[PDB]
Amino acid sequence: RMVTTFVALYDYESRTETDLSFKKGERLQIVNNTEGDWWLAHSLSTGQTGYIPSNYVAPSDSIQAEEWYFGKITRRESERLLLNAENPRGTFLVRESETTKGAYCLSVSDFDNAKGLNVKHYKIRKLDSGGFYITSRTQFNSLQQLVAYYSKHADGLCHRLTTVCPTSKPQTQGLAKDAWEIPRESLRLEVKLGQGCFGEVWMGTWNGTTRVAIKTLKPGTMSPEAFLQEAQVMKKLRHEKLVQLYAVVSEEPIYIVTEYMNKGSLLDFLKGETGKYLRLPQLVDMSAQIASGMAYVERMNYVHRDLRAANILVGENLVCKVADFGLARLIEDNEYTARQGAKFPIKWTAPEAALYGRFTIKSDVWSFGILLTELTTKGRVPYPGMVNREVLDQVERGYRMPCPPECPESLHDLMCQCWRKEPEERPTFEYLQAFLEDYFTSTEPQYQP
């Protein structure tokens, strides 16, 4: 539209030559309201120029520039951030209301003798004049004044506003502008994060600036021609609960570069000291994150084909994202193609997918039901007293895992819905997400009056 002045929200190290290195606070000259994930910018601070990630800047002198404004973040995700144990009382953020378009919301962390650590949500009424107010008896001209005022007096709020909600730098959309197929010499593998059946995983760095996860397929796993073909679709899948596909190295051995999840896989995270303190409310919430990512996959008319706790990756504040979606199809192994052998996840595979190769989003729904048993058992293998060989015949005859101990029979009933024989009667991920987000009377409710 018209080159305007922007401000940097976070630091960013120049990963390439064409991008722009800038620190939080730098005034940037960018073409206003220009579509894309990478915008051309001119730094009025350093006089340097280059492309910048569009989610690292906001118009100067706008609410988006304020560090306590989190934009279109959900009530459920705001609570995740605010309920962090290291946040003091009065840790807050401002966001948009999900139940009242045009209104804002002040989310604040608080402590109570009944609930303990909880978040209070206060709706902010914006006026035609531009003024904001939480209660009728105290009003302000700007959202900034409101924050300043309640940072000195609770005056009705559960607690004075103390700290702004901590946040980690968001992901850029792609490693760089036009960056997709990269050379192997651009990746530097630093730490082996783990090992799979068809290759290894690595913590590395691209251009020695940005930390990424590098998956290395052993030769013969999949043809580069078909991997690149499918990778043009996986690069389109962008959602907060999907691990982002960054780049690829075409020449075998194929390397897959993805966003790095520091807490490891959900399965391992459910075991050991990490999973000791997890309680059902957190497991249900983690299920809702997974269902949200799969609901996006469901909207894009895509199929995961290998949904299981081992392919869910954990981050800070118990963030969970779906990983390794769409790779299972490209496996060239004759035994995995015919879903046989000790390397096929038969215990997460719907019977019609294992018997007739009918992989659909509904067979992922089946997999989700299995995944829920891993969550409510903290990593226990499905069908524990059964070997792969015998699972498919038992579920084909109608056997279903019973309600695990420490699993509410209401969630096992959800599991059995996912385990219906008829795929088209299995529920959607839109349903599962809403069900699991509202499991504890948690359906968008109760802004404090």
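So that there is no doubt, residue numbering starts at 1 and follows the sequence shown.
Looking at the entry, does 209-217 or 130-138 show the higher mean C-alpha B-factor? Between 130-138 and 209-217, it is 130-138 that shows the higher mean C-alpha B-factor.
Exercise for the section: Would you mind comparing 144-152 and 268-276 for me and telling me which has the higher average C-alpha temperature factor in the entry? Expected result: It is 268-276 that shows the higher mean C-alpha B-factor.
From 285, 298, 306, 185, pick the one with the largest CA B-factor in the entry? Checking the PDB record, the top C-alpha B-factor among 285, 298, 306, 185 is at 185.
query = Out of 362, 125, 75, 236, which residue has the highest Cα temperature factor in the PDB record?
reply = Reading the PDB entry, the winner on C-alpha B-factor is 125.
- If you rank the chain by CA B-factor, which third does residue 426 end up in: lowest, middle or highest? Within its chain, residue 426 is a lowest-third residue by C-alpha B-factor, going by the deposited values.
Where does residue 398 sit by CA temperature factor within its chain: lowest, middle or highest third? Its C-alpha B-factor belongs to the lowest third of this chain's values.
message = Where does the C-alpha B-factor of residue 42 rank in its chain, lowest, middle or highest third?
response = Tercile = middle for this residue's CA B-factor.
- Message: Could you place residue 262 in the lowest, middle or highest third of its chain by Cα temperature factor, using the values in the record?
- Response: Highest third.
Residue 9 - Cα temperature factor, lowest/middle/highest third of chain: Its C-alpha B-factor, which the entry lists for residue 9, ranks in the middle third among residues of this chain.
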